[PDB]
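So the structure is just underneath, and the comments pick up after that.
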Amino acid sequence: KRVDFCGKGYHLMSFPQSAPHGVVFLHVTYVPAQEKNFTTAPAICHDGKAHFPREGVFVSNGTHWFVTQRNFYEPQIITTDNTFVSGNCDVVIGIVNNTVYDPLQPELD
Amino acid sequence: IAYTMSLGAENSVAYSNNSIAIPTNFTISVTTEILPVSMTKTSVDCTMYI
Amino acid sequence: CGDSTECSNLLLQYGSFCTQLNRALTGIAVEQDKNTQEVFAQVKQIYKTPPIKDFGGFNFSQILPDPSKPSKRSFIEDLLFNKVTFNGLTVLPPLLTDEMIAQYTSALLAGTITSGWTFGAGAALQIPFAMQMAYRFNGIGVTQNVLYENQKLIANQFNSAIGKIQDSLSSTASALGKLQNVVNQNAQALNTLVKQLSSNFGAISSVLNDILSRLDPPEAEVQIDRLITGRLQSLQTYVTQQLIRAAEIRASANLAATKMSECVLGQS
Amino acid sequence: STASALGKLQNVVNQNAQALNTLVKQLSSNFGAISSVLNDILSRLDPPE
Ligand SMILES: *[C@@H]1O[C@H](CO)[C@@H](O[C@@H]2O[C@H](CO)[C@@H](O)[C@H](O)[C@H]2NC(C)=O)[C@H](O)[C@H]1NC(C)=O
Ligand SMILES: *[C@@H]1O[C@H](CO)[C@@H](O[C@@H]2O[C@H](CO)[C@@H](O)[C@H](O)[C@H]2NC(C)=O)[C@H](O)[C@H]1NC(C)=O
Ligand SMILES: *[C@@H]1O[C@H](CO)[C@@H](O[C@@H]2O[C@H](CO)[C@@H](O)[C@H](O)[C@H]2NC(C)=O)[C@H](O)[C@H]1NC(C)=O
Ligand SMILES: *[C@@H]1O[C@H](CO)[C@@H](O[C@@H]2O[C@H](CO)[C@@H](O)[C@H](O)[C@H]2NC(C)=O)[C@H](O)[C@H]1NC(C)=O
Ligand SMILES: *[C@@H]1O[C@H](CO)[C@@H](O[C@@H]2O[C@H](CO)[C@@H](O)[C@H](O)[C@H]2NC(C)=O)[C@H](O)[C@H]1NC(C)=O
Ligand SMILES: *[C@@H]1O[C@H](CO)[C@@H](O[C@@H]2O[C@H](CO)[C@@H](O)[C@H](O)[C@H]2NC(C)=O)[C@H](O)[C@H]1NC(C)=O
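Residue numbers (the working numbering), protein chains in the order written: chain A, 277 to 385; chain B, -5 to 44; chain C, 19 to 286; chain D, 26 to 74.
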């Protein structure tokens, strides 16, 4: 996990090879590419409560909001399962309005 | 030709307080590293050399 | 020899001796250049900070380079620079001038402010600073809620700390002990080597020309030989000391490079 | 295809070989004496000189 120790990027594994008076390592590393701009926001206000992502980050493609993992674009609908609540939307700098869908209420019908 | 060494390229990453960039694809790269571990064992005798 | 034909002719019989010394010293110089280039050159590009700076309340004016000053250095760099102060010996300039080193440092700092640790692996990816700090708290085991609720207090503490460190560095002396120590050691070694040039080593005089124009050759040559062996011994001693000190410096430089690669381009 | 990718190992070998070469070459210096061969000195002169 120590950055740039063996490899250049995110380390996956390595292979050793002999050499007349030494050793040769082959490092296999993971390197991301094909970026894309997005608009973000630290937290989501809803019903007067603030929601934060359990693991991921909020993004918007222009009209809707999703949560993604930080290393690979894969949007998902914001739900009360991948977010947690603490406080009220009054002291965070940058919070934006939206609605958080939850499964139990539509299930109950 | 003698010139002034160039440190590298030039860019200015677009910073703004509500904009991020997220990768959408990946690559796997294999690199090599080389390290010496030993040298030849030699031996010298005084009275023969001198 | 000090420009004496007789000395050169006498010295010719000692075989290839100073080629060894020159090879060793060239190796030392190459090692120094490699050390600097390895420690600092670790980015493929040269980033630049945006003209408008609103990093969620943090303030890096003390550290960012100042275009007003001719050297494009910063406040702390200026403080550090200001605080710290022949017979064939030659000093060669380093390959990298100070401006390029300052430019590397500025590029590294701009990259780590704007992109976080992403630029260490691939292309730099922008990210608002507050969210980067939230990531970094989440790293050490504290929920990101805390930073978003105490951003103002955290920024104030950071600014106060940076001001305090600036003042402490400006006022308190004897903080840069190691660098001054290295400089003093090198200067003292050169000084004693050049001082050693004024000893008889059991000869009738310490100046070559007088020995030449006092005696006949068959008697002067003995004194010449004594001078030769004494000076050669002193030169060997100097070279060996330089080799030891260079090895130690290389170890220190390797440690510095590792620290900079691990504690700057990523959280540790 | 590309060569010169193993500079470190070759550097080590070259340094060792060159050190041995200069050491063995040093055996041919008069060092201020009258000859660089011991057997010649033994054959020509007498011990007291
Ligand atoms: C942002 O993403 C949303 C979610 O996919 C997009 O909304 C969909 O757009 C497609 C385009 O044909 C429609 O077929 C879907 O019906 C839309 N979803 C819903 C729930 O109606 C939206 O268009 C995207 N916006 C941009 C600018 O890319
Ligand atoms: C991010 O930066 C933008 C512009 O640098 C800030 O936008 C300003 O927000 C205030 C507060 O509502 C407005 O009064 C200003 O008019 C806005 N500027 C402009 C040019 O319209 C924004 O506040 C910053 N912080 C965020 C978005 O969290
Ligand atoms: C998010 O929605 C809430 C309510 O739906 C908005 O709160 C209102 O803001 C206006 C403008 O300041 C006030 O006049 C109302 O009294 C507020 N209502 C309540 C219930 O607090 C809030 O402004 C919205 N967020 C944004 C960024 O506009
Ligand atoms: C993301 O948005 C920016 C701004 O809308 C796009 O424009 C780039 O902005 C930077 C800094 O202002 C310039 O250095 C680039 O030259 C701009 N791009 C072009 C094509 O001129 C940017 O292209 C968008 N995409 C990415 C991946 O950053
Ligand atoms: C990620 O990148 C790889 C290559 O870097 C893409 O794979 C190529 O895809 C194109 C179009 O489908 C093919 O013509 C090439 O032959 C593929 N290359 C290889 C080596 O297989 C891949 O498509 C990219 N990811 C996505 C989601 O498009
Ligand atoms: C960041 O901190 C510096 C402190 O060095 C601020 O610069 C000072 O600003 C005050 C207010 O105008 C001046 O009275 C001082 O003379 C400034 N000091 C120096 C050394 O120039 C700077 O303003 C802060 N950043 C921001 C954005 O306010």
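C-beta: ideal position from N, C-alpha, C; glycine also.
C-alpha distance - residue i paired with residue j, whole-angstrom precision
| i | j | result |
| --- | --- | --- |
| C:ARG41 | A:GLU350 | 59 Å |
| A:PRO382 | A:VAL343 | 21 Å |
| C:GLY129 | C:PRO88 | 23 Å |
| C:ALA264 | C:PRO111 | 17 Å |
| C:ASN199 | C:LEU98 | 15 Å |
| A:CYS282 | C:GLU280 | 12 Å |
| C:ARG91 | C:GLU117 | 8 Å |
| A:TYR306 | A:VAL361 | 34 Å |
| C:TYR256 | C:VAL109 | 15 Å |
| D:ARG69 | B:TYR43 | 22 Å |
| D:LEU45 | D:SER54 | 16 Å |
| A:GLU331 | C:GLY138 | 22 Å |
| A:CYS365 | A:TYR377 | 18 Å |
| C:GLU266 | C:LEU273 | 11 Å |
| C:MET278 | C:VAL57 | 8 Å |
| C:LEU28 | C:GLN60 | 51 Å |
Identified DSSP bridge partners for residue i
| i | result |
| --- | --- |
| A:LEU302 | A:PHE291, B:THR26 |
| A:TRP341 | A:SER336 |
| A:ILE320 | A:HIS327, A:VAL372 |
| C:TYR256 | Answer is none; C:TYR256 lacks a bridge partner. |
| B:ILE14 | A:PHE314 |
| A:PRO308 | B:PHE20 |
Within chain B, the residues that residue i reaches when beta carbons sit closer than 9 Å
| i | result |
| --- | --- |
| D:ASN41 | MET33, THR34, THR36 |
| A:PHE301 | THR25, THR26, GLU27, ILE28, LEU29 |
| C:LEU143 | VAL7, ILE14, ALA15, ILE16, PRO17 |
First through last residue of the beta strand (DSSP E) which encompasses residue i
| i | result |
| --- | --- |
| A:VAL333 | 333 to 336 |
| A:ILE353 | 348 to 353 |
| A:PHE360 | 359 to 361 |
Within chain B, partners of residue i - CB distance below 7 Å
| i | result |
| --- | --- |
| C:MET118 | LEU1 |
| D:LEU31 | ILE28 |
Buried versus exposed call for residue i [16 or more other C-beta atoms within 10 Å across all chains shown]
| i | result |
| --- | --- |
| B:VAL24 | exposed |
| A:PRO292 | exposed |
| C:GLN241 | buried |
| A:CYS321 | buried |
| C:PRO85 | exposed |
| C:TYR122 | buried |
| C:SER133 | buried |
| C:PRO146 | buried |
| A:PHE334 | buried |
| C:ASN163 | buried |
| C:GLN144 | buried |
| A:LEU288 | exposed |
| A:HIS327 | buried |
| C:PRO83 | buried |
| D:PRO72 | exposed |
Within chain A, the residues that residue i reaches when beta carbons sit closer than 8 Å
| i | result |
| --- | --- |
| B:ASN5 | Here the premise fails: no neighbours, minimum Cβ distance about 13 Å. |
| C:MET149 | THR316, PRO318, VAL333 |
| C:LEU43 | Going along chain A, no residue has its Cβ under 8 Å from C:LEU43, so there is no contact; the nearest lies around 26 Å. |
Run of the alpha helix (DSSP H) containing residue i, from where it starts to where it stops
| i | result |
| --- | --- |
| A:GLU383 | 380 to 384 |
| C:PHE99 | 93 to 101 |
| C:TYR153 | 147 to 158 |
| C:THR54 | 36 to 58 |
| C:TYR166 | 163 to 167 |
| A:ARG278 | Looking at the DSSP string, A:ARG278 is not in any alpha helix (DSSP H), and its letter there is neither H nor E. |
| B:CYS40 | 40 to 43 |
| C:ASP228 | 226 to 230 |
Under 9 Å from the C-beta of residue i: neighbouring residues of chain A
| i | result |
| --- | --- |
| B:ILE44 | Chain A residues near B:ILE44: none, gap ~30 Å exceeds 9 Å. |
| B:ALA15 | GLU311, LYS312, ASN313, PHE314 |
| C:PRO146 | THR316, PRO318, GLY370 |
| D:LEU34 | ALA295, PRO296, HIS297, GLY298 |
Partners in chain C for residue i, counting only beta-carbon separations shorter than 8 Å
| i | result |
| --- | --- |
| A:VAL368 | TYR166, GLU167 |
| A:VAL343 | Per Cβ cutoff of 8 Å: no residues; A:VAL343 is ~14 Å from chain C at best. |
Amino acids of chain C, ordered along the chain, whose beta-carbon sits closer than 9 Å to that of residue i
| i | result |
| --- | --- |
| A:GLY285 | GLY138, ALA139, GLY140 |
Within-8 Å CB hit, residue i to chain E
| i | result |
| --- | --- |
| C:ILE64 | This model lacks chain E altogether; the protein chains it does include are A, B, C and D. |
Listed by chain order, chain A residues near residue i by CB distance under 7 Å
| i | result |
| --- | --- |
| D:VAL49 | Neighbours of D:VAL49 on chain A: none; closest Cβ ~22 Å, over 7 Å. |
| C:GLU95 | None at all; the shortest Cβ gap to chain A is about 25 Å. |
Neighbouring residues, chain C, relative to residue i (Cβ below 7 Å)
| i | result |
| --- | --- |
| B:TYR(-3) | Within chain C, no residue comes near B:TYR(-3); the closest Cβ sits about 14 Å away, beyond 7 Å. |
| D:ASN55 | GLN31 |
Residue i: contacting residues in chain B (beta-carbon distance under 8 Å)
| i | result |
| --- | --- |
| D:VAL62 | Here the premise fails: no neighbours, minimum Cβ distance about 14 Å. |
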